[PDB]
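Colleague:
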Amino acid sequence: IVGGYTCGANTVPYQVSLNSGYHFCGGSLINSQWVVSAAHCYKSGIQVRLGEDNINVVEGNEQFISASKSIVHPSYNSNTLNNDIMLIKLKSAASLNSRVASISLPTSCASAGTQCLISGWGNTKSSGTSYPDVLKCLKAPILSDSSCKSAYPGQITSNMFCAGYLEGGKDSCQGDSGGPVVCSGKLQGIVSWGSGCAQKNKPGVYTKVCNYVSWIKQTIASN
Ligand SMILES: COc1cccc(CN)c1
Ligand SMILES: [Ca+2]
Numbered sequence: 007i008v009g010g011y012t013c014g015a016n017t018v019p020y021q022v023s024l025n026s027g028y029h030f031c032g033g034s035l036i037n038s039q040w041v042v043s044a045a046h047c048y049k050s051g052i053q054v055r056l057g058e059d060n061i062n063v064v065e066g067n068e069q070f071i072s073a074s075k076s077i078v079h080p081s082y083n084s085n086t087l088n089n090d091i092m093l094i095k096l097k098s099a100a101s102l103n104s105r106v107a108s109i110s111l112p113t114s115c116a117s118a119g120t121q122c123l124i125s126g127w128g129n130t131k132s133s134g135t136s137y138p139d140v141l142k143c144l145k146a147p148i149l150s151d152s153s154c155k156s157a158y159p160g161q162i163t164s165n166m167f168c169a170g171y172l173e174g175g176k177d178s179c180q181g182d183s184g185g186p187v188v189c190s191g192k193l194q195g196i197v198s199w200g201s202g203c204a205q206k207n208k209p210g211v212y213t214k215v216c217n218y219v220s221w222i223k224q225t226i227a228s229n
């Protein structure tokens, strides 16, 4: 997260860290046994880490649970990043509490202008590399489809939305991938892509979660 703020320990209880020996992506806990992330975060050997603040120190609220299976969206295209969504099942159910909690799926799609919360442990510089160890947060509005398409000609599908600031300075970044965009207590987006981070006229692009609720529910119900 570039240009954000320190969230505060366990203030984003649905935020998870995906760890394969090291943090590589975020995700969102959507019930006691399932996480939603980006398809471009797919890899084998994933441990889901819940209740994290400092991802480098055991602070006492963590639950470390290995993934039993991953399910990438059947229509995911890694070139265009269309359908950039993946489900991850935990080997055992997380113990839910105030600091480890699921985030509800959307009943409706959020409109342009809606204020959302984007979070993650990604790079905090738009040119440097500095990785924070504590969770970072950014409040950002969803941008209009027209402005999003104008920012990225030929690349924005109906399964994507832009959020952030055309002026730059505030954005998600590398390592935030797969993490949540939450608006009014619902998961509306997944950190997906962009051109660099926090650059003028290149806002973050996010997977449009409301298009996938049926797939998510059916997949969970049979797996
Ligand atoms: C180019 O690396 C990125 C990874 C995730 C999200 C974003 C959005 N600025 C950029
Ligand atoms: Ca920790």
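All residue numbers for the sequence shown refer to mature numbering (1 follows the signal peptide of the UniProt record, and there is no 0), where the first residue is 7 and numbers rise by one.
Beta carbons: idealized from backbone N, C-alpha and C, even for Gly.
According to DSSP, is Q121 helix, strand or coil?
Modeller: When DSSP states are grouped into helix, strand and coil, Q121 belongs to the strand group.
Colleague: Determine, using beta-carbon pairs with one atom in the stretch 172-181 and one in the stretch 125-144, whether at least three such pairs fall under 8 Å.
Modeller: yes
Colleague: Is the distance from the Cβ of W221 to the Cβ of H46 below 9 Å?
Modeller: no
Colleague: Going straight from the alpha carbon of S153 to that of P186, what length do you get?
Modeller: 22 Å
Colleague: Count the other CB atoms, across all protein chains shown, that sit within 10 Å of the CB of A146; report buried if there are 16 or more and exposed otherwise.
Modeller: buried
Colleague: Kindly indicate which three-state DSSP category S156 falls into: helix, strand or coil?
Modeller: In the structure shown, the three-state DSSP call for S156 is helix.
Colleague: Please report how far the alpha carbon of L102 lies from the alpha carbon of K176, in whole angstroms.
Modeller: If you take the alpha carbons of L102 and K176, they lie about 32 Å apart.
Colleague: Name the DSSP beta bridge partners of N217, please?
Modeller: Per DSSP, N217 has no beta-bridge partner at all.
Colleague: Check the DSSP bridge columns for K49 and list the partner residues they point to.
Modeller: None, per the DSSP bridge assignment.
Colleague: Please report the straight-line C-alpha distance between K142 and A44, rounded to a whole angstrom.
Modeller: 19 Å
Colleague: Need the endpoints of the beta strand (DSSP E) that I77 sits in, please.
Modeller: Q69 to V78
Colleague: Is it the case that the Cβ atoms of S132 and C203 are separated by a distance below 9 Å?
Modeller: yes
Colleague: Based on Cα-Cα distance, which residue from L172, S114, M166 and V140 lies nearest to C189?
Modeller: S114
Colleague: Just to confirm, are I196 and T213 a CB contact at a threshold of 9 Å?
Modeller: yes
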